[PDB]
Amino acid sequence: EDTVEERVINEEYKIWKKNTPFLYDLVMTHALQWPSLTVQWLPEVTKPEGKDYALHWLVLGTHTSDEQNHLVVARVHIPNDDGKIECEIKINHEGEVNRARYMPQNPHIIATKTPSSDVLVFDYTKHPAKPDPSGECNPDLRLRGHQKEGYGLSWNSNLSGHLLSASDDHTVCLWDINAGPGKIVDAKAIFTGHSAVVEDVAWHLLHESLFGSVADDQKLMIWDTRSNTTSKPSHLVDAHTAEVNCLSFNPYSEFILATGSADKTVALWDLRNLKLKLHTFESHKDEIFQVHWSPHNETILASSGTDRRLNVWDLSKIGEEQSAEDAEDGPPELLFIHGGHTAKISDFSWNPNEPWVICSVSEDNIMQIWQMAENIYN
């Protein structure tokens, strides 16, 4: 709604669009009726016989303050070397979907964060193919324990049905959704180490007992569910000089993780020694809200936020000599800047089946499916 900034954004986007055949091997844009605050690829892909596309799926949500919201699975066509978006299913949801994540052991089970305190669980096989327009939200489970909404949600990939949530109430709640409800589950544990909004939580990818939390108190905390305290973490890290909004564990190392912050930096961490930060990634011009490691490349990381950019980093290029030209555009470990969004990026997801494909969603209702040009990472 700033008519001056809108022109700057639109003119920069026009230059971006003219360069897309050079910068990308794929760009697909779709404008949603409502913005999505969340995106995550489902794990499934098909290459249907006799078609020139693969089918992939996205978990999305809506954001309308006044009207009916939905949890959405979208069916998308990604064209072969030699697009289209349809609704796979749509489920009535009470309030906007702050975050939606599929359970790795059963990808038709989706947990959501809403604008209210209960975390919701939906089994999409147990909802009608078309939602009832009366709009009632009938979650399969309500997970109680929080006093406020929040923005962080993580399924344990090693212990089926174990879910963490981060909240503006300064806590992390843990549920085992297997523990008999008649549809309400109370938190198994409430972790109170942080003294400010807990922005994000993530399970370790290998150690079933370990998870990390990050908060507006500038701290990264490492928690062990085997500990008989919920007040004191195993490790407390003074991570950033402002709010910490996201964390991501490296899927190729049990030791490495990244955090992103309102200080406009991504930090790199080694669990073996949290007395020192391994690296600071600099180039974002505003608050970072999301970070994700590449599912395919151990040295590749991406970050997004309020500056309307998604940066892709390559750890392997840290410290490399640069041309005068490359030094002007940023540090050597900055692989790519995605400039396709004209508003804050709310979430993004690396495609788990098609290397280098990302889906990113923004506050102006845009969803982009894109892949940087091969000549950039080669």
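The numbering used is simple: start at 1 and walk along the sequence shown.
Per the record, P181 and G182 are separated by 1 to 3 deposited residues that are missing from the model. Per the PDB record, of the two stretches 109 to 117 and 215 to 223, 215 to 223 carries the greater mean B-factor over its C-alpha atoms. Mean CA B-factor, 290 to 298 versus 272 to 280: the higher value falls on 272 to 280. Remark: of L143, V198, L247, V237, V237 shows the highest value [criterion: C-alpha B-factor in the PDB entry]. Within the selection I318, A343, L60, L42, the deposited Cα B-factor values reach their highest point at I318. Compared with the other modelled residues of the chain, the Cα B-factor recorded for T29 ranks in the middle third. Remark: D347 belongs to the lowest third of its chain, ranked by C-alpha B-factor as recorded. Ranked within its chain, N69 lands in the lowest third, by CA B factor from the PDB record. Per the PDB record, residue ranking by Cα B-factor puts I85 in the highest third of the chain. When the modelled residues of the chain are ordered by their C-alpha B factor, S323 lands in the highest third.
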